[PDB]
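Asks: My questions all concern the structure below.
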Amino acid sequence: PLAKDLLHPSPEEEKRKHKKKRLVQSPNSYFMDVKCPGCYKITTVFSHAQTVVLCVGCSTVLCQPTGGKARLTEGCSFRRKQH
Amino acid sequence: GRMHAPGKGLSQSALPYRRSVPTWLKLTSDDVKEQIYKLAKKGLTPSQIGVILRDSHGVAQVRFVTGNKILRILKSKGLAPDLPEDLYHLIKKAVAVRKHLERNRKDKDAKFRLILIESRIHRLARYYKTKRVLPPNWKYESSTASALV
Amino acid sequence: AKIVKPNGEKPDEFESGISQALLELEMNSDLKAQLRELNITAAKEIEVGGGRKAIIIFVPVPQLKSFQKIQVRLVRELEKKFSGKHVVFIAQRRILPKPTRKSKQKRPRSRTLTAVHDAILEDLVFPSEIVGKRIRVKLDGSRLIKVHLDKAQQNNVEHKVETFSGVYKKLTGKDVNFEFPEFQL
Amino acid sequence: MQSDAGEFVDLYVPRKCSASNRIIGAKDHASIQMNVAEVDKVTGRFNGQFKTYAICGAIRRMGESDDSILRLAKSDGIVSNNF
Amino acid sequence: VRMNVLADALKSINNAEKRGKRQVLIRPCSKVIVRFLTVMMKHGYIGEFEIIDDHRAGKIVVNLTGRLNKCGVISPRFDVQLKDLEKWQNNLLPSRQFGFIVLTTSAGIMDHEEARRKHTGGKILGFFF
RNA sequence: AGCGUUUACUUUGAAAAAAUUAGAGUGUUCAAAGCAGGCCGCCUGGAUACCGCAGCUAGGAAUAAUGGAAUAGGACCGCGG
């Protein structure tokens, strides 16, 4: 194809493309409010953590770091947050 | 591509367009600076501090929340290490390789990888000398390299 | 009044009227706790495209964030007082001339034209932060800066787009169009 | 193509491809001259007028003759803009 | 490494124009590329273009008209004196009718015919015909 | 009259032996040359351009280097000395 709008690409094209090769680069990661059932409180965790985030005063382990995204513990309500 | 390898890896961080701070974040400029001080005091490098902050507290950049960069904050208060924390890690690596090579004298691969690491030390050391964050006397030599932590 | 004009000169009857209106608003309304040490630098009034007018206010750059905190809550009762007009706060950036060969320290890169003009546009659209910029270079030779604004505050500030276009054309002399994208947030 | 006086001097003027905007050579044998019929609005019947297109040899064997004819027709409003 | 940015930008336009593409995204945007493309537009070889700000080196999307045979660069930037602009425009350009040598002078970035008129020599950037 | 981060770049000006080459005039009978000649005592001529690089001079400020506050011996403003 000759005629393609490189200025107005539909958002499925940009979500497909590598994060650096979009028309303006943006992170694939996000922040999410994760709370364990026992406690009352919501602690901010990064998607691709790479540290073992703990609930206050060493209550329990909250997320496990892996190659890509972090494994959140089984029995934890996570709400990814937007700005 | 990579300096001392044939690889052509495209895999780094991609900052968002918006330099603004998010609404949800209730930590202020001085609150983050106070925690940066405490983490560095415990005994931690600018790389680890930034990781621990944005994993646990939710601080995309210190530069966007505060005005300044992490090392710039540390070396104002006076918590910054003497030689930089990338030249430190290269020297410590060269010590560990050279110690392994002392016992394993038949390791010709370890010999070759020591030449690449020490070449990269020399290369980065002189950059810092021109910028004047090392005294021009400064000389990495293997005999008195193990004493530099 | 509460207007500290930079040069030791006269805050004219127009600028005085707004500084007195801010003193009265303080003494009457709840947010007098904040308006203790906040001040105005100046206040012009431009004619925006159509049959509309936009009163403009200038702020000391230090206390801008202090204004920003209460900026939307304050602008409401400014527009309810000055009925058929729009109002928006802008910080007064100092702007140093490019040091020529002919002829005092290194000019900081916040005291430069491109950085000051970027900061002017940042403050024009306060409640709605900028998410994109496209500088369409037209065939005659002229430019057209096309700003993409955050889709939150669309409904709140979509009626102020021609005010912002007119104010920026006045302060800088550059033609701007504010669009609202549907494809990111 | 005229001299100092203003006399058009070259012995003919070649056509230009509607898609690529190249000049169609005197012996570009894979170049087409395609008339798409113009239809009366109220009846949906042939008027006796047409919306003619020319395309170059390179474009056709590239395989962009299809999309280029389509986009020219959709620009003229022969094909619906919705499509 | 990427030594010359204008060199990359003009090769990108040239490749896209041959292939018959209708617009092309030249990446590392710079004052020299934009000022080059304005000159190229004012004579009417390209269309209107739109420069895309990420908080870095920008991008440019150039709308292409199929009336551009070649847009090249000369590296290094040789110091063209005014009298030698003949022997340059002799051996670079197709004929004495059309084609332009754009060169960066005291005044600004402008083509050989303008620089000849203004009575200024300067450093050569490239050529377009 | 005195000034003004430096240099490279480009434009102008100054100073640059003649002969040679390019070149204006001139029927050596034509020409190569020559610097002579022409008008019924007089009227003319013996021009001009080029002479890289380096040094000198005055305009331009794109492009390419270089510099300026970050243990503040920072600039300015005035007092105490």
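Chains as they are written, first to last, in our numbering: chain A, 12 to 94; chain B, 33 to 181; chain C, 4 to 188; chain D, 1137 to 1219; chain E, 4 to 132. Virtual Cβ for every residue (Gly too), placed ideally from N, Cα, C.
(1) Report the rounded CA-to-CA distance for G135 of chain C versus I153 of chain B, giving the unit in angstroms.
(2) Candidates C:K107, C:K109 and C:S113: which alpha carbon is nearest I98 of chain C's?
(3) Taking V94 of chain B and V127 of chain B to be in contact with their CB atoms under 8 angstroms, please state how far apart those CB atoms are, rounded to whole angstroms.
(4) Spatial neighbours of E125 of chain C within its chain, please: C-beta separation below 7 angstroms, excluding the five flanking residues on both sides.
(5) Which bits of chain A does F186 of chain C rub up against, with CB to CB less than 7 angstroms?
(6) For a contact defined as C-beta to C-beta under 8 angstroms, what are the partners of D1203 of chain D on chain A?
(7) Using a Cβ-Cβ distance cut-off of 8 angstroms, determine whether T123 of chain E contacts chain D.
(8) Using the Cα positions of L147 of chain C and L127 of chain C, report the straight-line distance between them to the nearest angstrom.
(9) Mind checking if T108 of chain E is an interface residue toward chain D, Cβ cutoff 8 angstroms exclusive?
(10) Hey, could you find the ends of the beta strand (DSSP E) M43 of chain A is sitting in?
(11) Could you tell me which chain E residues have their CB closer than 7 angstroms to the CB of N1183 of chain D, listed as they occur along the chain?
(12) Taking Cβ-Cβ distances shorter than 8 angstroms, what residues in chain A pair up with residue 1132 of chain D?
(13) Is it right to say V1178 of chain D is buried, meaning 16 or more other beta carbons lie within 10 angstroms of its own, or is it exposed?
(14) Mark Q92 of chain E as exposed unless 16 or more other C-beta atoms lie within 10 angstroms of its C-beta, in which case mark it buried.
(15) Considering Cα atoms alone, identify which of E:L96, E:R5 and E:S33 is closest to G75 of chain E.
(16) For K40 of chain B, count neighbouring C-beta atoms within 10 Å of its own C-beta (all shown protein chains included) and say buried if the count is 16 or more, exposed if not.
(17) Measure from the alpha carbon of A118 of chain C to the alpha carbon of each residue in E:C32, E:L13, E:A10 and E:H58, then state which is nearest.
(18) In the stretch 133-152 of chain C, which residues sit with their C-beta less than 7 angstroms from some C-beta in chain E, listed in chain order?
(19) Taking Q66 of chain C as the reference, which of C:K149, C:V7 and C:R110 has the closest Cα?
(20) Along the chain, where does the alpha helix (DSSP H) containing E12 of chain C start, and where does it finish?
(21) Could you check which residue in A:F42, A:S88, A:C66 and A:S70 has the C-alpha nearest to that of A60 of chain A?
(22) For chain A, find out if any of its Cβ atoms is closer than 8 angstroms to the Cβ of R1207 of chain D; answer yes or no.
(23) CA-CA distance, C87 of chain A and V45 of chain A?
(24) Between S131 of chain C and the rest of its own chain, which residues show a CB-CB distance below 8 angstroms, the 5 nearest in sequence each way excluded?
(25) Which runs of the alpha helix (DSSP H), 4 residues or longer, sit entirely within the stretch 74-151 of chain B?
(26) Taking a Cβ distance cut-off of 7 angstroms, strictly less, list which residues of the stretch 21-55 of chain A are near chain B, in chain order.
(27) Between B:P167, B:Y49, B:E150 and B:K138, which lies nearest to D56 of chain E when the distance is taken from Cα to Cα?
(28) Any residues in the stretch 15-41 of chain E with a beta carbon nearer than 9 angstroms to a beta carbon of chain A? Which ones, in chain order?
(29) When the Cα atoms are used, what is the spatial distance from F103 of chain E to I147 of chain B?
(30) So, at 7 angstroms on beta carbons, what are the nonlocal neighbours of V140 of chain C in its own chain, with the 5 sequence-adjacent residues on each side left out?
(31) Note down, in chain order, every chain B residue with its Cβ under 9 angstroms from the Cβ of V67 of chain A.
(32) Anything in chain D within Cβ reach of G69 of chain E, meaning under 7 angstroms, just list it in chain order.
(33) Classify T77 of chain B: buried if its beta carbon has 16 or more other beta carbons within 10 angstroms, exposed otherwise.
Replies: So, from the data block:
(1) Pairing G135 of chain C with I153 of chain B, the inter-Cα distance amounts to about 41 angstroms.
(2) C:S113
(3) With 8 angstroms as the limit, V94 of chain B and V127 of chain B do not qualify as a contact, their Cβ atoms being about 31 angstroms apart.
(4) When the five nearest sequence neighbours on each side are left out, the beta carbons in the same chain lying within less than 7 angstroms of the beta carbon of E125 of chain C are those of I133, in order along the chain.
(5) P22
(6) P12, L13 and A14
(7) no
(8) 17 angstroms
(9) Taking Cβ atoms only, chain D never reaches closer than 8 angstroms to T108 of chain E, which makes this a no.
(10) Annotation for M43 of chain A: the continuous beta strand (DSSP E) segment containing it runs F42 to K46.
(11) Simply none; closest approach about 31 angstroms.
(12) Because chain D in this structure spans residues 1137 to 1219, residue 1132 of chain D falls outside the shown range and cannot be described.
(13) exposed
(14) Classification for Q92 of chain E: buried.
(15) The shortest Cα separation from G75 of chain E among E:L96, E:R5 and E:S33 belongs to E:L96.
(16) Result: exposed.
(17) E:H58
(18) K136, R137, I138, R139, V140, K141, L142 and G144
(19) C:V7
(20) Taken as a continuous stretch (DSSP letters only), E12 of chain C belongs to no alpha helix (DSSP H), as it is neither H nor E.
(21) Nearest of A:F42, A:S88, A:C66 and A:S70 to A60 of chain A, Cα basis: A:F42.
(22) yes
(23) 6 angstroms
(24) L152, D153, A155, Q156, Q157, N159 and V160
(25) Taking only runs of at least 4 residues, the alpha helix (DSSP H) segments lying wholly in the stretch 74-151 of chain B are 78-88, 94-97, 102-109 and 119-135.
(26) For the stretch 21-55 of chain A, the set of residues with a beta-carbon nearer than 7 angstroms to any beta-carbon of chain B comprises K30, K31, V35, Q36, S37, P38, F42 and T55, in chain order.
(27) Relative to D56 of chain E, the option among B:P167, B:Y49, B:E150 and B:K138 whose CA is nearest is B:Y49.
(28) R22, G23, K24, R25, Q26, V27 and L28
(29) 52 angstroms
(30) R146
(31) None at all; the shortest Cβ gap to chain B is about 11 angstroms.
(32) Ordered by position in chain D, the residues that pass the 7 angstroms Cβ test against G69 of chain E are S1156, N1157 and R1158.
(33) buried
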